[PDB]
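So you know, we letter chains A, B, ... as the sequences are listed, proteins then strands, and number each from 1.
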Amino acid sequence: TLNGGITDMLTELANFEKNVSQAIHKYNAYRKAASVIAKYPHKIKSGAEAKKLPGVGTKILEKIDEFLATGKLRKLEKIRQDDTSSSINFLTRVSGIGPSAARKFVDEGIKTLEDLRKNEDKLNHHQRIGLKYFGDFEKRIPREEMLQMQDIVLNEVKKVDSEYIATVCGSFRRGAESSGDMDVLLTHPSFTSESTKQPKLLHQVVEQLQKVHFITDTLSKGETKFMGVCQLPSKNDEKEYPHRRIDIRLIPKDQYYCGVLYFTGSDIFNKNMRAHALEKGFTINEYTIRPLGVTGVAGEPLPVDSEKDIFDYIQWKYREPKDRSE
DNA sequence: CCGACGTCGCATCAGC
DNA sequence: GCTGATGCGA
DNA sequence: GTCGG
Ligand SMILES: Nc1ccn([C@H]2C[C@H](O)[C@@H](COP(=O)(O)OP(=O)(O)OP(=O)(O)O)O2)c(=O)n1
Ligand SMILES: Nc1ccn([C@H]2C[C@H](O)[C@@H](COP(=O)(O)O)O2)c(=O)n1
Ligand SMILES: [Cl-]
Ligand SMILES: [Cl-]
Ligand SMILES: [Mg+2]
Ligand SMILES: [Mg+2]
Ligand code: NA
Ligand code: NA
Ligand code: NA
């Protein structure tokens with residue numbers, strides 16, 4: 001990519017601020033700047049050129065000038081040398097280990113993959129599965145495998161109840177040639193914003209996917225959100241496929257458009273779009289778009305009959321999913 | 001300057 | 001048990 | 001760390 005050196009540097013700084021500094025707004029700020037630079041269609045020649053972009057300020061402009069001149073950032077070169085920062089950054093790569101647990105583990109002398117495997121009984125369930133599949137979860141999924149997985153989930157969901165609709169969202173719906181995981185939005189006419197006429201709607205689907213050995217593990221599970229692990233079947237004498245992360249979100253059927261907007265993302269796109277809604281006097285979540293009175297209090301949900309209706313309310317031209325990869 | 005920064009589901013814990 | 005943070009995640 | 005009133 002045109003400015004990959006810069007965007008990698010800013011991403012590394014973002015991860016430092018999240019995992020080590022525990023400064024979520026600096027993390028979001030660095031990621032917003034990396035994102036706007038990533039889509040900028042010129043090779044950046046100076047910090048001042050970058051500072052014209054929204055989300056790039058004085059400090060990041062100075063880092064860009066240092067990086068352009070020397071190929072590196074002294075602030076990062078030092079962070080890379082700090083053992084405590086290095087340990088925390090590694091531990092947070094395990095699903096279920098966040099910044100707080102990573103610093104506590106380091107305090108307790110658990111700092112390496114070997115240390116984690118020796119101390120399984122100090123991990124909660126989520127973290128224990130994250131460790132089991134540590135290597136697998138850092139591999140990406142070719143779109144060809146995403147298509148095979150789509151076929152399994154959609155056909156198995158149909159076998160439970162033909163009135164279910166499952167929609168693969170996330171980076172897949174944005175047309176990516178590879179995905180970090182699989183994200184599945186689920187609806188059923190029994191579950192609306194007005195009533196739940198049938199229990200176990202998510203459970204029935206998860207159970208079926210476990211029974212055909214597609215879902216292999218569970219990280220967390222409630223009435224509307226499943227977070228877990230899945231795996232494609234391999235043929236005779238084939239090496240097994242990597243285990244993959246899968247998220248399933250059951251959304252009230254009448255709120256599908258807000259749900260699919262949320263679950264298509266990207267995460268940075270949603271933050272930018274929701275922030276723009278706020279400036280326009282609206283609030284968006286995965287269920288509704290609601291006005292804000294002078295109150296600052298959300299009003300009643302507005303009618304939504306398409307994804308584009310949501311963009312229209314906030315005076316944005318419609319963006320196809322493939323153009324939301326921020 | 002300085003308050004705001006997207007929004008919410010599930011797991012875990014503390015305090016009653 | 002319930003409720004309200006807090007952590008971690010989408 | 002950046003933005004906007
Ligand atoms: N902090 C976050 C994280 C995620 N999401 C949303 C939008 C995402 O696109 C979606 C799925 O989360 P993923 O982490 O799976 O992100 P992607 O599917 O977009 O990318 P990847 O290829 O890494 O899975 O849920 C969000 O709104 N806010
Ligand atoms: N998971 C899904 C996907 C689509 N739908 C509905 C919402 C729309 O009325 C209709 C249009 O589908 P599509 O967006 O795939 O064109 O399908 C649903 O209820 N649940
Ligand atoms: Cl909707
Ligand atoms: Cl709502
Ligand atoms: Mg995904
Ligand atoms: Mg603002
Ligand atoms: Na700027
Ligand atoms: Na983690
Ligand atoms: Na996901």
> Only counting residues at least two apart or in another chain, list the ones meeting side-chain contact (heavy atoms from CB on, under 4.5 Å) with A:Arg103.
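Residues passing side-chain contact (heavy atoms from CB on, under 4.5 Å) with A:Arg103: A:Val20, A:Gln22, A:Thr84, A:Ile88.
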> When the distance from CG of A:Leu261 to P of B:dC8 is rounded to whole Å, what number comes out?
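Rounded to whole Å, this separation is 14 Å.
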> Looking at residues at least two apart in the chain, or sitting in another chain, which of them share a side-chain contact (heavy atoms from CB on, under 4.5 Å) with A:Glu194?
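Counting only residues at least two positions away or on another chain, A:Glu194 forms a side-chain contact (heavy atoms from CB on, under 4.5 Å) with A:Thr192.
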> Check the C1'-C2'-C3'-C4' sign on C:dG9 and let me know if the sugar comes out north or south.
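Torsion sign positive, so north.
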> Determine whether more than 12 heavy atoms belonging to other residues, nucleotides or ligands lie under 6.0 Å from atom CD of A:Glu223.
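At most 12 heavy atoms, drawn from other residues, nucleotides or ligands, come within 6.0 Å of this atom.
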> Detail all sub-3.5 Å separations between protein N/O atoms and N/O atoms belonging to nucleotides 3-5 of chain D.
{"unit_1": "D:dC3", "atom_1": "OP1", "unit_2": "A:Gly55", "atom_2": "N", "d": "2.9"}
{"unit_1": "D:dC3", "atom_1": "OP1", "unit_2": "A:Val56", "atom_2": "O", "d": "3.4"}

> For residues 13-36 of chain A, pull every pair meeting salt bridge (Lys or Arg N to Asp or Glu O under 4.0 Å), keeping only residues two or more places apart or in separate chains.
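Sorted pair list: A:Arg31-A:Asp267.
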> Just jot down the side-chain hydrogen bond (donor to acceptor under 3.5 Å, both in side chains) partners of A:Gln150, sequence neighbours excluded, or say none.
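For A:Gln150, no residue satisfies side-chain hydrogen bond (donor to acceptor under 3.5 Å, both in side chains) once neighbours in sequence are set aside.
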> What's the gap between D:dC3 and B:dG6 when it is taken at their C1' atoms, as a whole Å value?
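Those two atoms are separated by 16 Å.
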> When the distance from CD of A:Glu326 to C1' of B:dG6 is rounded to whole Å, what number comes out?
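After rounding, the reported distance stands at 14 Å.
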> Using whole Å, what does the distance between atom P of nucleotide C:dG9 and atom CG of A:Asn15 come to?
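A:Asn15 atom CG is separated from C:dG9 atom P by 12 Å.
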> Considering every strand and a 4.0 Å limit on heavy-atom distances, what is the contact class for A:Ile284: base, sugar-phosphate, or nothing?
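The residue A:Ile284 makes sugar-phosphate contact but no base contact.
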> Sequence neighbours excluded, which residues qualify as side-chain hydrogen bond (donor to acceptor under 3.5 Å, both in side chains) partners of A:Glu177?
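Partners of A:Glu177 under the side-chain hydrogen bond (donor to acceptor under 3.5 Å, both in side chains) test: none.
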> Could you go through nucleotides 5-8 of chain C and list every protein N or O atom that sits under 3.5 Å from one of its N or O atoms, giving the distance for each pair?
{"unit_1": "C:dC8", "atom_1": "OP1", "unit_2": "A:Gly98", "atom_2": "N", "d": "3.2"}
{"unit_1": "C:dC8", "atom_1": "OP1", "unit_2": "A:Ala101", "atom_2": "N", "d": "2.8"}
{"unit_1": "C:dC8", "atom_1": "OP2", "unit_2": "A:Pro99", "atom_2": "N", "d": "3.2"}
{"unit_1": "C:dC8", "atom_1": "OP2", "unit_2": "A:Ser100", "atom_2": "N", "d": "2.8"}

> Which residues satisfy the side-chain contact (heavy atoms from CB on, under 4.5 Å) test with A:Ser35, sequence neighbours excluded?
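Applying side-chain contact (heavy atoms from CB on, under 4.5 Å) to A:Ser35 gives A:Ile268, A:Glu326.
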> How about A:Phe90 and A:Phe105: are their ring centroids closer than 6.0 Å?
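Not under 6.0 Å, so no.
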> Other residues, nucleotides and ligands only: do more than 12 of their heavy atoms fall within 6.0 Å of CG on A:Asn236?
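Count not over threshold, so no.
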> Identify whether any heavy atom of A:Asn285 sits under 4.0 Å from a base atom; if not, whether one sits that close to sugar-phosphate; answer base, sugar-phosphate or nothing.
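Sugar-phosphate contact only - A:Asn285 comes under 4.0 Å of backbone atoms but never of a base.
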> Take the protein atom CZ of A:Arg31 and the nucleotide atom P of B:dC5, then report the distance between them rounded to whole Å.
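Distance, rounded to whole Å: 18 Å.
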> Between B:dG9 and D:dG1, how many Å separate the two P atoms, rounded to a whole number?
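So the two P atoms sit 32 Å from each other.
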> Establish, with yes or no, whether the OP1 or OP2 oxygen of D:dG1 is under 4.0 angstrom from a side-chain nitrogen or oxygen of A:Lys26.
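It does, given that an N or O in the side chain of A:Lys26 lies less than 4.0 Å from OP1 or OP2 of D:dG1.
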> Mind calculating the distance between CZ (A:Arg245) and P (C:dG9) to the nearest angstrom?
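Roughly 9 Å, once rounded to whole Å.
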> For A:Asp217, check side-chain hydrogen bond (donor to acceptor under 3.5 Å, both in side chains) against everything at least two apart and list the hits.
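Checked A:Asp217 against side-chain hydrogen bond (donor to acceptor under 3.5 Å, both in side chains); matches are A:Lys132, A:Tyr133.
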> Partners of A:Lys122 by side-chain hydrogen bond (donor to acceptor under 3.5 Å, both in side chains), sequence neighbours excluded?
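Applying side-chain hydrogen bond (donor to acceptor under 3.5 Å, both in side chains) to A:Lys122 gives none.
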> Collect all protein-nucleotide pairs involving nucleotides 9-11 of chain B in which both atoms are nitrogen or oxygen and the distance is under 3.5 Å.
{"unit_1": "B:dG9", "atom_1": "OP1", "unit_2": "A:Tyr287", "atom_2": "OH", "d": "2.5"}
{"unit_1": "B:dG9", "atom_1": "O3'", "unit_2": "A:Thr224", "atom_2": "OG1", "d": "3.4"}
{"unit_1": "B:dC10", "atom_1": "OP1", "unit_2": "A:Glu223", "atom_2": "N", "d": "3.1"}
{"unit_1": "B:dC10", "atom_1": "OP1", "unit_2": "A:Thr224", "atom_2": "N", "d": "3.0"}
{"unit_1": "B:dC10", "atom_1": "OP1", "unit_2": "A:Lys225", "atom_2": "N", "d": "2.9"}
{"unit_1": "B:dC10", "atom_1": "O3'", "unit_2": "A:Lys221", "atom_2": "N", "d": "3.4"}
{"unit_1": "B:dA11", "atom_1": "OP1", "unit_2": "A:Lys221", "atom_2": "N", "d": "3.1"}
{"unit_1": "B:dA11", "atom_1": "OP1", "unit_2": "A:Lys221", "atom_2": "O", "d": "3.3"}

> Expressed as a whole number of angstroms, how long is the span from A:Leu292:CG to B:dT7:P?
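Answer to the nearest Å: 8 Å.
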> Within this structure, what is the CG-to-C1' distance between A:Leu123 and B:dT12, rounded to whole angstrom?
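The distance from CG of A:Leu123 to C1' of B:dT12 comes to 15 Å, rounded to the nearest Å.
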> Could you state the atom-to-atom distance from NE2 of A:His25 to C1' of B:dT7 in whole Å?
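Rounding to the nearest Å, NE2 of A:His25 and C1' of B:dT7 are 13 Å apart.
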> When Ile, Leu, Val, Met, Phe, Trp and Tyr are grouped by side-chain heavy atoms lying under 4.5 Å apart, directly or through other members, which residues fall in the same group as A:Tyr27?
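Listed partners: A:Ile24.
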